[PDB]
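Encoded as C-alpha cells, the following chain is the form solved without nicotinamide-adenine-dinucleotide, with no partner shown.
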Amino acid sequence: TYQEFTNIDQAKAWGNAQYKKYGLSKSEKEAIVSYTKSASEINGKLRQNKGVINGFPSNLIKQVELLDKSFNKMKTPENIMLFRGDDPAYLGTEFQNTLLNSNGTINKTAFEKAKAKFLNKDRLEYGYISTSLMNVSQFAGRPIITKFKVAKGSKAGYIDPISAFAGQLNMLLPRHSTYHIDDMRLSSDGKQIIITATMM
C-alpha cells in the first residue's frame, strides 16, 4: 500500500513538513540548487562513466559527494508513490524516432516492442532521479510517465524549496537506484505510456 497524493494542498503540506526537519547544510543546499539547473548534463555524465567520478573535474566531484551525503538526512516516513516524465530515447536509440506517430499519439507497434523489452525487467539508473509528488505540468508534454513505488525508510527528499523549478512538488531520489517494471499501458487518449515500477 503506497500513498498516492491526489490533492495539491495535501501534497505541499506533506512536503513542507518533511523539509522543515532535514537540517541540510549550506553547502548541501547549494549543491541541490545547482543540480536542478544542470540535471540532464550531470546525469548524462554519470551514465557515460557508469557512476565512476574519480576523473571528473574537481568542482563536480565535490557536488556529487554533497548530493549523496544529503540523503543521510532525507528519508520518506511512509510508503509513497512518485511521478516522472521522459522522452522516447529513455527506451533506447531504436525508440527515439519510432515511438511517436506524426499526430502525437504513441505508435501501437512500437509500444508492444517496448513492452516486450522492459516488462518484468529490472533497470539500473546511474543518474539521480528527479520526480514529483504528483503528475504536474513540467512534464505534461512528455510521452512516457513513470510511477515509482518507494518504501518507508528509503532515501527520498522534498527539494522544492531549493529547486530552480519551485511550484512543481519536486522530489529527488539517489543515484545508482534499481527498479522493477510491474506494468506498461497506453493512456486512454493514446498519447502516453504509463509505467508502474517498484523501487529496490
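In this text, residue numbers run from 1 along the sequence as written.
Not on display, but discussed next: the form solved in complex with nicotinamide-adenine-dinucleotide.
Candidate site formed by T36, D86 and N170: every one of these residues places a non-hydrogen atom within 4.5 angstroms of nicotinamide-adenine-dinucleotide in the bound PDB entry. Contact annotation: of the candidates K147, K155, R142, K69, the single residue with a non-hydrogen atom within 4.5 angstroms of nicotinamide-adenine-dinucleotide in the bound PDB entry is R142. For the chain shown alone, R47 is a contact residue for nicotinamide-adenine-dinucleotide in the bound PDB entry, at least one non-hydrogen atom being within 4.5 angstroms. Contact check for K121: no non-hydrogen atom falls within 4.5 Å of nicotinamide-adenine-dinucleotide in the bound PDB entry. Looking at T76, you'd find every heavy atom of it more than 4.5 angstroms from nicotinamide-adenine-dinucleotide in the bound PDB entry. Using a 4.5 Å cutoff between non-hydrogen atoms, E125 counts as a contact of nicotinamide-adenine-dinucleotide in the bound PDB entry. Residues of 128-156 that come within 4.5 Å of nicotinamide-adenine-dinucleotide in the bound PDB entry, judged by any heavy atom, are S130, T131, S132, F139, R142 in sequence order.
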